[PDB]
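Below, in structure tokens: the form deposited in one PDB entry, a single chain.
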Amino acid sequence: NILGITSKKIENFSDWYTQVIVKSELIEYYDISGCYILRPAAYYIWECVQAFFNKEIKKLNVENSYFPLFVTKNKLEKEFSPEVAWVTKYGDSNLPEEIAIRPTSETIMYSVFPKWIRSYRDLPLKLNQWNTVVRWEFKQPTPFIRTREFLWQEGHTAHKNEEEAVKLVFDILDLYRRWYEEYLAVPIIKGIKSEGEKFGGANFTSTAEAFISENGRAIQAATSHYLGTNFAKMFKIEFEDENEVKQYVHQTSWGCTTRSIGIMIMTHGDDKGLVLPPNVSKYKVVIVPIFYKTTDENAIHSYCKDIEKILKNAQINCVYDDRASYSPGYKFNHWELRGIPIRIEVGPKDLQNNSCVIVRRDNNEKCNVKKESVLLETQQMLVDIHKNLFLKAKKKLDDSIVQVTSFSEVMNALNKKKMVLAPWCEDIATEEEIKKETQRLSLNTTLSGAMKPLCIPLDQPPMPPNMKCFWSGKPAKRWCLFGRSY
């Protein structure tokens, strides 16, 4: 109890989250606000999704690279500026010229793209970086989700035409769907950003949106931009095509950050602490011995180590918690807090029956398994835990959307912690109006009450013939998701 989570996820979400990330050993706080330390359990998740995404972009011929952390005023100006951090001094001496820390690397990378792209033969150019970027905002930070320094990948491609670039945009977007679904067990909604919310310089921005139903907040999970020729004009990225005509390249860029870990935690975490999809947990299983005063401990030890060797030989990493000075109940909580997917309990009653208790972290179901069946039952249960984590999250996402036709229905849905799907004319002017009015009518958290346009979903319902925009009364164009957000 006292060593566990003492705030309930539904009652005090913010304090629940802080306790989970600290007591599971994911995060350590730091003496610069908005900067957090990723402890091994957190960084292990990053490495897992890194290995997945690398394998998939390699099939698209994207290659990894590394560009400088810094950019000059000259390059940075061809295109954020209040959130760009500036280096001005080395030791006690001022720099000959101030240099900026990257908030994103378009201007750094595209500064040299013209030397590499001269002819249609040089296309497509497909690059990725795994790096950190810095956005020195003064909004309230949130570990993983909203931080001043964060780890990401950013991919950048250049193509001979629009069709090829746009196809890659949406190929990447589906890889993000898979990153979230297959490794983090998180469902997302694909869509297009509104004009007020798209990336600066983008022709259009596609997005994967997630939703945290316990506090009613959407979170942008990943992004994939069609840049058209906009950046090519700014940086003079021209190539000579097959007809000897100078053309601009069509560009994309796309990223996904350690925010994804925060979305995973907020999605699956419960009042016992962290819950990890097996694919991003170092230990799939912890084995906890129960001695119940037998005094024949070497029989228990010998049995638990047998189970450990059966799992490790099958390449299932695990831990046998044989620490003498702690009770089994202490150990149960210890590893539940840290999110281990499966606990195997071995006491004397179990030894006599040649079995063991296998306990799932997601729903705490326990079942007795014969020793010889442990490997197979473990393998299947790890698969089933992931399936259950995803399906439960998918149902909560489905349930968080209310379809509306008028503004009068909107504030009711927001106060029930919902997103709204609404018919919208998509006029950029209306975005600030909707934000203002929904914030005004909010009367409760420390995050904003404003509702904003999340995305125009790729999967559109029919737009009835005379449906009007829920806000302006003009004819509606498409259905758009709106909600409060991180």
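Heads up: residue numbers just count along the shown sequence, starting at 1. Only the largest set of C-alpha atoms that superpose within 1.5 Å between the two forms is called the rigid core.
Absent from the display: the form deposited in another entry. The rest refers to it.
Per-residue Cα shift between the shown form and the other one after core alignment stays below 2 Å for all of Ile401, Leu375, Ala85, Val357 except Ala85. Once the rigid core is used as the reference frame, the Cα position of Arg259 differs between the shown form and the other one by less than 2 Å. Positional change of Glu97 between the shown form and the other one reaches 2 Å or more at the C-alpha, relative to the superposed core. Relative to the superposed core, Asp174 undergoes a C-alpha shift smaller than 2 Å between the shown form and the other one. Relative to this form, in the other entry the C-alpha atoms of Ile101 and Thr223 approach one another by 3 angstroms or more. In the other entry, the CA atoms of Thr223 and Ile99 draw together by 3 angstroms or more relative to this form.
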